[PDB]
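Student: Structure incoming, see below.
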Amino acid sequence: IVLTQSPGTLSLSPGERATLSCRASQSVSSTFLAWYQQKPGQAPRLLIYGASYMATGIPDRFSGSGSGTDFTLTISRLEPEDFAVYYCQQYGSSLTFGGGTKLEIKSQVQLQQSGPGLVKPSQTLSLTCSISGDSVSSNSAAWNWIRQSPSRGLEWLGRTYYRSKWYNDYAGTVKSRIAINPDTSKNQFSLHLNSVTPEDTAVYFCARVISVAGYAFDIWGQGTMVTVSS
Amino acid sequence: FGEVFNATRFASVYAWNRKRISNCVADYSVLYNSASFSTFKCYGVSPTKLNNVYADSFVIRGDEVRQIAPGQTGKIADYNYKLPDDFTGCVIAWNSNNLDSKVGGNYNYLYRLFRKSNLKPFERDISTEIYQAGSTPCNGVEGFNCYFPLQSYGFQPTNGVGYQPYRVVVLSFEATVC
């Protein structure tokens with residue numbers, strides 16, 4: 001599934017209404033369309049999950065709508081705090097993020113990231129995501145890894161979760177060198193990228209996915225910047 | 001009656017409770033004077049001329065109230081709680097946003113949107129079997145094309161009226177009760 005958002009850049013004044021759109025290449029039968037807000041220098045913030053259901057701490061101004069292939073995000077009354085880039089995400093047959101819409105204006109569970117931010121080429125990149133407030137071996141949770149770069153956007157990497165045993169789900173783009181191992185004693189789960197290239201220079205995130213919450217990333221991490229240079 | 005309406009906590013949509021009320025002094029007009037009811041539609045009998053009886057209790061969304069009725073199609077009407085066409089009773093509903101809505105999100109109320117067959121009238125399905133949407137089987141393990149059958153209602157005090165909790169009490173009049 002390919003998510004194409006429109007418009008690309010929208011400049012408005014406080015008090016007006018911003019009507020964003022997210023068209024999918026095919027129907028999202030699982031109805032797991034999610035909307036996110038990313039203020040500059042921060043991690044994405046879940047606004048809407050499951051087509052139209054609002055998330056925690058989201059004002060009534062943000063409203064989700066649409067089904068099948070056409071989805072719209074309607075922000076009623078704009079505030080100067082709403083200056084951010086808005087993304088579009090779906091789950092089901094795959095995990096694809098949208099292109100992003102840069103809108104310009106003229107909680108108890110905490111994921112904390114750690115690891116080095118400078119990796120030499122042809123070496124291993126390691127990042128750890130400490131979990132507090134929820135169990136890493138939770139039956140109704142999944143622990144994912146996502147990176148963000150201006151060349152590919154929000155690119156999902158992989159995930160690990162525990163039902164009766166531990167299961168893996170990796171993206172074919174980095175499957176040949178990715179590894180995500182949980183640690184129950186420290187309540188953590190780490191990311192490993194075997195052979196890195198300058199193409200892997202991006203900002204990596206760890207987020208939680210609750211199955212009953214539209215399979216959407218509801219609680220994100222700090223966000224570490226990794227640079228592959230020599 | 002008070003043990004069903006004035007309950008401290010209700011059940012989910014798919015896990016709707018059923019109270020068999022027998023050998024009772026039924027005062028059907030004890031709650032018609034209560035203006036706290038926003039939805040009150042009787043189908044199989046006139047309301048004013050009512051003077052076993054079952055009471056189904058659950059909590060749905062604001063827009064799902066129209067689905068509890070004979071011959072309705074929807075997510076709740078087909079996969080959670082369906083009503084027969086020859087229904088004889090009443091459907092009572094009221095807004096409960098001031099009760100079943102935490103400040104950080106009341107995710108305790110669930111509903112079913114994935115089922116490979118429509119529910120029969122007065123059928124209750126508490127199945128947690130992982131729904132298979134794709135072609136390859138799931139074998140009790142969730143993942144891509146293998147979703148969880150239940151989904152969580154949002155329920156926050158800042159949600160719209162159409163996305164607010166509504167406690168529904170369906171009375172089914174099936175001479176031990178008069």
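Student: Could you identify the single residue in A:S122, A:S94, A:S107, A:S130 that is under 26 Å from A:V203 (Cα atoms), away from chain B (no Cβ under 14 Å), of a type in the set (S, T, Y) and exposed (fewer than 15 other Cβ atoms within 10 Å of the Cβ)? Break it down stepwise before answering.
Tutor: Values: A:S94 fails: away from chain B (no Cβ under 14 Å); A:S107 fails: away from chain B (no Cβ under 14 Å); A:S130 fails: exposed (fewer than 15 other Cβ atoms within 10 Å of the Cβ).
The match here is A:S122.
Student: I need a count of the residues in the range A:33-56 that are within 14 Å of A:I75 (Cα to Cα), of a type outside the set (F, W, Y) and more than 8 Å from chain B (Cβ to nearest Cβ). Before you say what the answer is, go through the steps one by one.
Tutor: Step one: of the range A:33-56, the residues within 14 Å of A:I75 (Cα to Cα) are A:35-37, A:47-48, A:52, A:54.
Narrowing the set further to residues that are of a type outside the set (F, W, Y) leaves A:37, A:47-48, A:52, A:54.
From what's left, more than 8 Å from chain B (Cβ to nearest Cβ): A:37, A:47-48.
Final tally of qualifying residues: 3.
Student: Right, something else. Can you spot a residue in the range B:110-118 that is surrounded by 11 or more Cβ atoms within 10 Å (Cβ to Cβ) and closer than 17 Å to A:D169 by Cβ?
Tutor: No - not one qualifying residue is present in the range B:110-118.
Student: Answer yes if at least one residue in the range B:60-74 is part of a strand (DSSP E or B) and under 18 Å from B:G2 (Cα atoms), and no otherwise.
Tutor: The answer is no, given that none of the residues of the range B:60-74 is part of a strand (DSSP E or B) and under 18 Å from B:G2 (Cα atoms).
Student: Can you pull out the residues in the range A:1-52 that are among the β-branched types (V, I, T), surrounded by 20 or more Cβ atoms within 10 Å (Cβ to Cβ) and on the phi < 0 side of the Ramachandran plot?
Tutor: A:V28, A:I48 - these are the residues of the range A:1-52 that are among the β-branched types (V, I, T), surrounded by 20 or more Cβ atoms within 10 Å (Cβ to Cβ) and on the phi < 0 side of the Ramachandran plot.
Student: Further question on the same structure: Among the numbered criteria (1) in the same structural domain as B:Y28 (by CATH); (2) among the polar types (S, T, N, Q); (3) within 25 Å of A:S27 (Cα to Cα), which single criterion is violated by B:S135?
Tutor: (1)
Student: Which of the residues that make up the range A:114-139 are among the hydroxyl-bearing types (S, T, Y) and in contact with a strand residue (DSSP E or B) (Cβ under 9 Å, 6 or more places away or on another chain)? Give the derivation first.
Tutor: Pass one, the range A:114-139, residues among the hydroxyl-bearing types (S, T, Y): A:114, A:122, A:124, A:126, A:128, A:130, A:132, A:135, A:137-138.
Within the range A:114-139, A:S114, A:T124, A:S126, A:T128, A:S130, A:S132, A:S135, A:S137, A:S138 meet the criteria.
Student: Let me ask you something else. Would a scan of the range B:119-132 turn up a residue that is surrounded by 13 or more Cβ atoms within 10 Å (Cβ to Cβ), in a loop (DSSP other than H, G, I, E, B) and within 12 Å of another protein chain (Cβ to nearest Cβ)?
Tutor: Going residue by residue through the range B:119-132, those that are surrounded by 13 or more Cβ atoms within 10 Å (Cβ to Cβ) are B:119, B:122, B:124-125, B:129-132.
With in a loop (DSSP other than H, G, I, E, B) added as a condition, the list becomes B:119, B:122, B:124-125, B:129-130.
Now restrict to residues that are within 12 Å of another protein chain (Cβ to nearest Cβ): B:130.
Within the range B:119-132, one or more residues are surrounded by 13 or more Cβ atoms within 10 Å (Cβ to Cβ), in a loop (DSSP other than H, G, I, E, B) and within 12 Å of another protein chain (Cβ to nearest Cβ).
Student: Would you call A:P59 more than 24 Å from A:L157 (Cβ to Cβ), surrounded by 13 or more Cβ atoms within 10 Å (Cβ to Cβ) and not basic (K, R)?
Tutor: It is true that A:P59 is more than 24 Å from A:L157 (Cβ to Cβ), surrounded by 13 or more Cβ atoms within 10 Å (Cβ to Cβ) and not basic (K, R).
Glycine gets a Cβ as well: all are built from the backbone with ideal geometry, and neighbour counts include every protein chain shown. What is reported rests on the model, the rules as stated and the sources as named; nothing here is a laboratory result.
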